[PDB]
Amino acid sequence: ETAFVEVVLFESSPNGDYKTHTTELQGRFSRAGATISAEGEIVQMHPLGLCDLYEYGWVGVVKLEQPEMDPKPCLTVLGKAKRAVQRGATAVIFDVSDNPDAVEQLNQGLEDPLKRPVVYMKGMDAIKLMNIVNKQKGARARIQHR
């Protein structure tokens, strides 16, 4: 199915209230990852980072590399996804704009699928995602399946 991923940039007023600028992106729920909603603070995982505690229920955003960069990977992208969940991601967003074989890897379906959205994302939405993801200290990802 299709994921409607909203990305929130939040900034607190001096008296303790918050202001937002949200941004609405689109990916795809994968065969491997459950098709539910979610939400949490985004940690930007280096793809090699999955081979440092975080509080629980955060949303990993890995951008996958040009495939010749990792000839013998530490893990299959699916491995990377299920390890993040062990490490306590509530969710998972992959940028595949560099590795569209991820899509086959991810949509296998052979295994029992994760209980959590593993969502992939490419082209321009991946751009606007990283655009914002690098900008400020904390950004909260809302994922829905409306």
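In this text, residue numbers run from 1 along the sequence as written.
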- Query: Among the other PDB entries compared that flank it on both sides, is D52 unmodelled in a third or more?
  - Reply: yes
- Query: In the deposited sequence, how many residues between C51 and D52 have no modelled coordinates (none, 1 to 3, 4 to 9, 10 or more)?
  - Reply: 4 to 9
- Query: Which wins on mean Cα temperature factor, 62-70 or 37-45?
  - Reply: 62-70
- Which has higher Cα B-factors on average according to the PDB entry: 12-20 or 126-134? 12-20
- Query: Whose C-alpha has the highest temperature factor in the PDB entry: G109, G88, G79, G27?
  - Reply: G109
- Note on the structure: In terms of its chain's C-alpha B-factors, the third that includes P113 is the highest
- By the entry's values, the third containing the CA B factor of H145 is the middle
